[PDB]
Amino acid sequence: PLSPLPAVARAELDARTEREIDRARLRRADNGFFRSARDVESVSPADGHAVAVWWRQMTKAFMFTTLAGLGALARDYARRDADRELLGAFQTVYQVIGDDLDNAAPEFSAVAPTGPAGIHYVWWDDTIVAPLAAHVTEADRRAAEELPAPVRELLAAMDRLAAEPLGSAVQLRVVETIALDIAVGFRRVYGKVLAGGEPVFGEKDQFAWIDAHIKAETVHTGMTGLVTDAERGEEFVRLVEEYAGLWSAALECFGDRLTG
């Protein structure tokens, strides 16, 4: 006795989940980050650096708090009989976390560094943040570490989901929806960073983190498969609404930084 909801109640949860993402204005043509990334003629080192620092911290927290949420679910399953449908969905979350922690998918391990240098927030720090940091003053660099409030609110939302047995499903459900558009926006943003009139990212291989995410998302037991009763279903939709809105406000904050 433990199993997913029937496939009809689950499909309704998926449709309500898609509607929360619509209402949060996270779609490609909605969110100020994707619009700005398309619209701006150029991007200063300071602005690109700041956005890169915020992203580094957001993706580090996304990965660790998603794994923590999986652990919370594992605590439960240690003392229940999860059926095989449930276990398949648990495996999926594990496999997906593995992309960011160890480049599990072949599209990542074909280009990412091995060992801890390949952890996505570290690989980002090494190849995106550090070259930008060479073109900003030490005072600029300390200011960027002072995260804006919408970024702090999102990290606080992730800390709360780290304890939630549905937390890893909520986070992956939303992030996988928007990951493609974020990575395309980064490709465009850092393609437009000029320092000495010369591009800061002038070599193809410097975009390897971004192009790998674009490739993986283009090609890439779903997340509602971890919902085991009606009350959890309601809780899932509620956490998706909160989490999606915080993501949208954090990306609007990227967009704001690139404009005005």
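Residue numbers run from 1 along the displayed sequence.
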Residue 220 left out of the model in a third or more of other PDB entries = yes
From residue 220 to residue 221, how many deposited residues does the entry skip: none, 1 to 3, 4 to 9, or 10 or more?
-> 4 to 9
The stretch whose C-alpha atoms carry the larger average B-factor in the entry, 106-114 or 177-185, is 106-114
Output the stretch having the higher mean C-alpha B factor in the entry; the candidates are 229-237 and 64-72.
-> 229-237
Max C-alpha B-factor within the set 212, 37, 195, 51 falls on 195
Whose C-alpha has the highest temperature factor in the PDB entry: 139, 132, 154, 122?
-> 139
Would you mind ranking residue 252 by its C-alpha B-factor against the rest of the chain and naming the third, lowest, middle or highest?
-> lowest
Entry-reported Cα temperature factor of residue 99, expressed as the chain third it lands in = middle
For residue 87, does the deposited CA B-factor place it in the lowest, middle or highest third of the chain?
-> middle
Lowest, middle or highest third: where is residue 30 by C-alpha B factor in its chain?
-> lowest
Third of the chain's Cα B-factor distribution that residue 57 belongs to, per the entry | lowest
